[PDB]
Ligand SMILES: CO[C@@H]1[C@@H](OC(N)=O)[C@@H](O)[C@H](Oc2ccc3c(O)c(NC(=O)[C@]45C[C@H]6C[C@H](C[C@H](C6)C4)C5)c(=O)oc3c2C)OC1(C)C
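Presented below, as structure tokens, is a lone chain in the form deposited without the named molecule.
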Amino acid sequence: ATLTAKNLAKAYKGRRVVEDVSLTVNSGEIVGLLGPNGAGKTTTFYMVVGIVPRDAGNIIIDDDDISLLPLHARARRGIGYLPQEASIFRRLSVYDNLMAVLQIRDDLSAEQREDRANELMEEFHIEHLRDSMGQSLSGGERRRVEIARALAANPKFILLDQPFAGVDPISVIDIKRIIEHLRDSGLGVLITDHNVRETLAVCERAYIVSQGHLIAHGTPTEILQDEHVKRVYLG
């Protein structure tokens, strides 16, 4: 499958924070979107997911233009999303958080949902926080739960907005391994994070945006060796 964004544009009160951004992600591929603070990364993710209306552009899966589909419909088509901001339910336990998302799984019976929640807790090493309320979790614990919640939806394409934020080095390795397994399982992954080295390590190719514009695209080595990228982003 192929997820394509064409000529995306977003302005806020006349300020064009995204301008003519096009990107593509395929099944079984991990693709990066990186760039300076305020460059328009999250806004771009928002327009793909359907969180904010676009001023221009198109969203397409395979042959179908899904630009007119609302958030819920795009999700049903297979678009998944891990927000940068906290997304956990504060009063619910880790287990109840997972079971809540799993309620959307029409392909799973009641018992299958319960098995999946236990599987996810095992996979993300959070079984010991099973009954812990979301609001009681440390930053890194919460991030694992939020990633697990995103996966519980069983997306075809997953947009990961800063999956490494607040996560320790061993957990970065674990999450990288999980992302690679998603890719091997046939998911397309679009990832943005400010841990450049760790993000480029998992990506096959990456887009670099700056001030709402795409300034570079290529393999990690090509990106790292790009003089313009070095100047305005890598430093």
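So that there is no doubt, residue numbering starts at 1 and follows the sequence shown.
The form solved in complex with the named molecule exists for this protein as well; it is not shown, and the discussion that follows is about that form.
With respect to the named molecule in the deposited bound form, the three residues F164, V172 and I179 uniformly fall beyond 4.5 angstroms at the level of their nearest heavy atom. At the 4.5 Å threshold, heavy atoms of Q112 stay clear of the named molecule in the deposited bound form, well away from it. At least one heavy atom of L92 is located within 4.5 Å of the named molecule in the deposited bound form. Proximity of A100 to the named molecule in the deposited bound form: non-hydrogen atoms within 4.5 Å are present.
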